[PDB]
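Participant:
Chains as they are written, first to last, in the entry's author numbering: chain C, 1219 to 1252; chain U, 1219 to 1252, 1279 to 1344; chain Z, 1122 to 1252, 1279 to 1344; chain A, 1219 to 1252; chain H, 1317 to 1344; chain Y, 407 to 676.
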């Protein structure tokens, strides 16, 4: 069996010194009825 | 919805070895209807936050915890002898939390 | 403890005479319970967050023209006596209504042998504002010494100069006599203090 | 007397940037009836 | 002990050797 | 480091307060006056050496080293002669730039031997300030907005460095993928030229972990050359005149040895 414990993300990018990139992620649905 | 959790400041500057820059910031007022917490005194300037040891979940509320985001502020230096021509600009940092 | 930790002037809750024979002191503990409750109330009420200030100072810069003579006395391992002028603190932040020492540390521009444990100690003679076991600290790292095997805040016990009045006088002296001292340039103090408005 | 408290492993290897090497170890049996 | 890889696609020619580490406690 | 100024580094193992122990380069006995060896370590009196942003840097550009002091609120250096004379402490008319982070800390482009920090990436260029071991104000500039933007610190099979592929001597910004190289012309204060690609480099994108590369100029021209590790072999790419690259030399490792994530390759004049 497998269940998700946690997640994180990483972006190969360049960013301005004090640029706060703004984006968001969301889950639509998941298998196994969690 | 958006409410202020915490703040910090940073100053592109040059500082004497043991020069303790002296300045302080205060909040005049804030929106959203969201003094002892409203004033912070700063002397590192690298990433100052007015606490000898910053951490979350203090059993006591943080200086601007829960403040409405739209808000007005006053800032001024206090040591008069310290040279200020070094100053380029100031960059603020804010942790805030929000609803959806 | 409470009264010292908050310097709330002069107030009291504890009182003597709770015992009685005719009633075999039966209600005493209950009286203590209430007094404790009032103290707790006051603590929660008054323990508001307070201003925190980091201050540092060169001994040379402090002593000015006297500096080289006192430095010589140090090289000679003789004890040095000096005092702290709080006017410096009102210069740095004139607005603050009260100031008490939270903690201290020291730093020495020096060269040290690999395993040389420099031996010296500092002590407070007296302090202003009406603010011995805490008054003396023994130092051997010299890099950023603070007399504790592991420094941290919120010790269940009070720190060496916690709550001391800012204006205060001090004595400093080396103790190991064999250790060479010509290496010494100057001494820089570090102080954490807290203040009212 | 000697009893195992904990273990760890190390592999002199090269790995892709985001390559998650997948392997596992297991104990078949042990002396001293543990 | 038994040891085995599980991802089959991953290249393995890179492998030199394996070094184990153990914390154990003992009486006297 | 070459603390002594031998024109040759000595191996100054150092572990703790005081552990400063200079295994030192010595002539071998016998043979031609070419044979050299690291002799035993020596201890010498030294700074408490910790909590300070420790480094044996020559901050002044003397060619002869200081040691950096930067502890909380604590800021200067000592200077050390070839004799091992650790001079008394030096406050520095001190006005170093605030260390937000080391991330993308510049060195060269202030001018050779004058190095100073700049923390920088896209669309902006902070200015260096070092003169002779003191500093100006750390001013702000940008190059023209058409100029392609170099920015350090992504691991995705890629690298960035201040390193002169071109061999002018200016350790130009160069960016490297699994597949291509680009280098930005020095333009002095706050400025860069549009980058030039250098042809010839590539490696299998399936497997190009960036850190398996090594940076040195080999040909002696000034043009930084390129090396990449296979577990059995080096791939050595030589810089054509600062324009493109030769067919790589393939070099067999010592027998039975395998290169791996423990291995640290370097080049030196021991």
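Backbone N, C-alpha and C fix where the C-beta goes; we use that ideal spot for every residue, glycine too.
Which residues in the same chain have their Cβ closer than 6 Å to the Cβ of residue 1167 of chain Z, if we skip the five residues on either side of it in sequence?
Facilitator: Numbered from 1 along the third chain, position 46 holds the residue referred to as residue 1167 of chain Z. Only 1127 meet the Cβ criterion.
Participant: Please tell me whether residue 1341 of chain Z and residue 1173 of chain Z are closer than 7 Å, where the distance is taken between their beta carbons.
Facilitator: Taking the first residue of the third chain as position 1, residue 1341 of chain Z is located at position 194. Taking the first residue of the third chain as position 1, residue 1173 of chain Z is located at position 52. Result yes, Cβ atoms of residue 1341 of chain Z and residue 1173 of chain Z sit closer than 7 Å.
Participant: Any idea which residues DSSP pairs residue 1335 of chain Z with across the strands?
Facilitator: Taking the third chain and counting its residues from 1, the one referred to as residue 1335 of chain Z is at position 188. Per DSSP, Z/1179, Z/1228.
Participant: Residue 546 of chain Y versus chain U: which residues are under 9 Å apart at the beta carbon?
Facilitator: Position 140 of the sixth chain, counting from 1, holds the residue named residue 546 of chain Y. Near residue 546 of chain Y (Cβ distances below 9 Å), the residues of chain U are 1230, 1332, 1333.
Participant: Look up residue 1167 of chain Z in the DSSP assignment and say whether it is helix, strand or coil.
Facilitator: Position 46 of the third chain, counted from the first residue, corresponds to residue 1167 of chain Z. It is helical.
Participant: Beta-carbon within less than 6 Å of residue 585 of chain Y's beta-carbon, same chain only, minus the 5 sequence neighbours each way: which residues are those?
Facilitator: Position 179 of the sixth chain holds residue 585 of chain Y. Cβ within range, chain order: 608.
Participant: If the cut is a Cβ gap below 9 Å, which residues of chain H does residue 1226 of chain A touch?
Facilitator: Counting from 1 along the fourth chain, the entry for residue 1226 of chain A is found at position 8. Going along chain H in sequence order, the residues near residue 1226 of chain A (Cβ under 9 Å) are 1336, 1337, 1338, 1339.
Participant: On the DSSP letters alone, give me the boundaries of the alpha helix (DSSP H) that residue 689 of chain Y sits inside.
Facilitator: There is no way to answer for residue 689 of chain Y, as the model of chain Y reaches only from 407 to 676.
Participant: So, do the region 1206-1224 of chain Z and the region 1320-1338 of chain U have three or more beta carbon pairs nearer to each other than 8 Å?
Facilitator: A contact exists between the region 1206-1224 of chain Z and the region 1320-1338 of chain U.
Participant: Who are the neighbours of residue 667 of chain Y on chain A, taking C-beta pairs under 9 Å?
Facilitator: By one-based count along the sixth chain, residue 667 of chain Y stands at place 261. In chain order: 1229, 1230, 1231, 1232, 1233.
Participant: Leaving out five residues before and five after residue 640 of chain Y in sequence, what residues of the same chain have Cβ atoms less than 6 Å from its Cβ?
Facilitator: Start at 1 with the first residue of the sixth chain, and residue 640 of chain Y comes out as number 234. The residues are 633, 657.
Participant: Cutting at 8 Å between CB atoms, please list the residues of its own chain near residue 431 of chain Y, excluding the five before and the five after it.
Facilitator: The sequence position of residue 431 of chain Y within the sixth chain is 25, counting from 1. So the list reads 412, 414, 415, 416, 442, 443, 444, 445, 676, once near-sequence residues are dropped.
Participant: So, at 7 Å on beta carbons, what are the nonlocal neighbours of residue 577 of chain Y in its own chain, with the 5 sequence-adjacent residues on each side left out?
Facilitator: As a position in the sixth chain, residue 577 of chain Y is number 171, starting the count at 1. Correct list, in chain order: 514, 568, 569, 570.
Participant: Of the residues that make up the region 628-651 of chain Y, which ones have a beta carbon closer than 7 Å to any beta carbon in chain A?
Facilitator: Under the 7 Å Cβ criterion, the region 628-651 of chain Y contributes 637.
Participant: From the beta carbon of residue 1213 of chain Z, is the nearest beta carbon of chain U less than 7 Å away?
Facilitator: For this step, residue 1213 of chain Z is matched to residue 92 along the third chain. Residue 1213 of chain Z counts as touching chain U.
Participant: Which residues does DSSP list as the beta-bridge partners of residue 1242 of chain A?
Facilitator: Reading the fourth chain from its first residue, position 24 is the one you call residue 1242 of chain A. Answer is H/1320, bridged to residue 1242 of chain A.
Participant: Are any of the Cβ atoms in chain U nearer than 7 Å to that of residue 1172 of chain Z?
Facilitator: Locating residue 1172 of chain Z in the third chain gives position 51, counting from the first residue. Closer than 7 Å to some Cβ of chain U, the Cβ of residue 1172 of chain Z qualifies, so yes.
Participant: Should residue 518 of chain Y be labelled buried (16 or more other beta-carbon atoms within 10 Å of its own) or exposed?
Facilitator: Position 112 of the sixth chain, counting from 1, holds the residue named residue 518 of chain Y. The residue is exposed, with fewer than 16 neighbouring Cβ atoms inside 10 Å.
Participant: Starting from the Cα of residue 563 of chain Y, find the closest Cα among Y/583, Y/662, Y/653 and give me that residue.
Facilitator: Numbered from 1 along the sixth chain, position 157 holds the residue referred to as residue 563 of chain Y. For the residues Y/583, Y/662, Y/653, the minimum Cα distance to residue 563 of chain Y belongs to Y/583.
Participant: Could you tell me if residue 1223 of chain C is buried or exposed, where buried requires 16 or more neighbouring beta carbons within 10 angstroms of its beta carbon?
Facilitator: Counted from its first residue, the first chain places residue 1223 of chain C at position 5. Residue 1223 of chain C comes out exposed.
Participant: Answer with buried or exposed for residue 407 of chain Y, where buried requires no fewer than 16 other C-beta atoms within 10 angstroms of its C-beta.
Facilitator: Position 1 of the sixth chain, counting from 1, holds the residue named residue 407 of chain Y. Exposed is the call here.
Participant: CB residue 1332 of chain Z to CB residue 1230 of chain Z, shorter than 7 Å?
Facilitator: Position 185 of the third chain, counted from the first residue, corresponds to residue 1332 of chain Z. Position 109 of the third chain, counted from the first residue, corresponds to residue 1230 of chain Z. Their beta carbons are under 7 Å apart, which means residue 1332 of chain Z touches residue 1230 of chain Z by this criterion.
Participant: Find the residues of chain Z that neighbour residue 595 of chain Y, judging by a C-beta separation of less than 7 Å, and give them in chain order.
Facilitator: Counting from one through the sixth chain, the residue named residue 595 of chain Y turns up at place 189. None at all; the shortest Cβ gap to chain Z is about 34 Å.
Participant: Kindly indicate which three-state DSSP category residue 1273 of chain Z falls into: helix, strand or coil?
Facilitator: Position 1252 is followed directly by 1279 in chain Z, which means residue 1273 of chain Z is not present among the coordinates.
Participant: Assuming the contact rule is C-beta atoms closer than 8 Å, residue 1312 of chain U and residue 1226 of chain U should be a hit. Round their C-beta distance to whole Å, please.
Facilitator: Position 68 of the second chain, counting from 1, holds the residue named residue 1312 of chain U. Position 8 of the second chain, counting from 1, holds the residue named residue 1226 of chain U. In fact, because the Cβ distance is near 19 Å, the residues do not count as touching under 8 Å.
Participant: Thinking C-beta only, is residue 528 of chain Y closer than 7 Å to residue 1234 of chain C?
Facilitator: Translated into the one-based positions of the first chain, residue 1234 of chain C becomes position 16. Translated into the one-based positions of the sixth chain, residue 528 of chain Y becomes position 122. It is a contact, given that the beta carbons lie within the stated cut-off.
Participant: Going by DSSP, which residues form a beta bridge with residue 602 of chain Y?
Facilitator: As a working mapping, residue 602 of chain Y is identified with position 196 in the sixth chain. Residue 602 of chain Y pairs with Y/589.
Participant: Could you spell out where the alpha helix (DSSP H) holding residue 1188 of chain Z opens and where it closes?
Facilitator: Looking up residue 1188 of chain Z in the third chain gives position 67. 1188-1196 is the extent of the alpha helix (DSSP H) around residue 1188 of chain Z.
Participant: For residue 580 of chain Y and residue 590 of chain Y, what's the separation of their Cα atoms in angstroms?
Facilitator: Residue mapping note: residue 580 of chain Y aligns to position 174 of the sixth chain, counting from 1. Residue mapping note: residue 590 of chain Y aligns to position 184 of the sixth chain, counting from 1. Those two C-alpha atoms are separated by around 6 Å.
Participant: Got a sec? Which residues, its chain only, sit under 8 Å from residue 429 of chain Y by beta carbon, not counting five neighbours each side?
Facilitator: Here residue 429 of chain Y refers to the residue found at position 23 of the sixth chain. Correct list, in chain order: 416, 417, 418, 419, 444, 445, 446, 447.
Participant: How should residue 1308 of chain Z be labelled, buried or exposed, when 16 other C-beta atoms within 10 angstroms of its C-beta is the threshold for buried?
Facilitator: Stepping through the third chain from its first residue, residue 1308 of chain Z is reached at position 161. Buried, because 16 or more other Cβ atoms sit within 10 Å of the Cβ of residue 1308 of chain Z.
Participant: Mind checking if residue 1300 of chain Z is an interface residue toward chain U, Cβ cutoff 7 Å exclusive?
Facilitator: Indexing the third chain from 1 puts residue 1300 of chain Z at position 153. Yes, residue 1300 of chain Z counts as interfacial toward chain U.
Participant: Does the Cβ-Cβ distance between residue 504 of chain Y and residue 1290 of chain U come in under 7 Å?
Facilitator: The sequence position of residue 504 of chain Y within the sixth chain is 98, counting from 1. The sequence position of residue 1290 of chain U within the second chain is 46, counting from 1. Cβ atoms of residue 504 of chain Y and residue 1290 of chain U: closer than 7 Å.
Participant: By DSSP's criteria, residue 1221 of chain Z is part of a beta bridge. Which residues make up the other side?
Facilitator: In the third chain, counting from the first residue as 1, residue 1221 of chain Z sits at position 100. Note: residue 1221 of chain Z sits in a beta bridge opposite Z/1312, Z/1341.
Participant: Could you please give the first and the last residue of the uninterrupted beta strand (DSSP E) stretch that includes residue 1302 of chain Z?
Facilitator: For the purposes of this step, residue 1302 of chain Z is identified with residue 155 of the third chain, where counting begins at 1. No beta strand (DSSP E) contains residue 1302 of chain Z, which DSSP labels as neither H nor E.
Participant: When you compare the CB positions of residue 1252 of chain A and residue 1318 of chain H, do they come within less than 7 Å of one another, or not?
Facilitator: Counting from one through the fourth chain, the residue named residue 1252 of chain A turns up at place 34. Counting from one through the fifth chain, the residue named residue 1318 of chain H turns up at place 2. Against a cut-off of 7 Å, the Cβ pair of residue 1318 of chain H and residue 1252 of chain A comes out as no contact.
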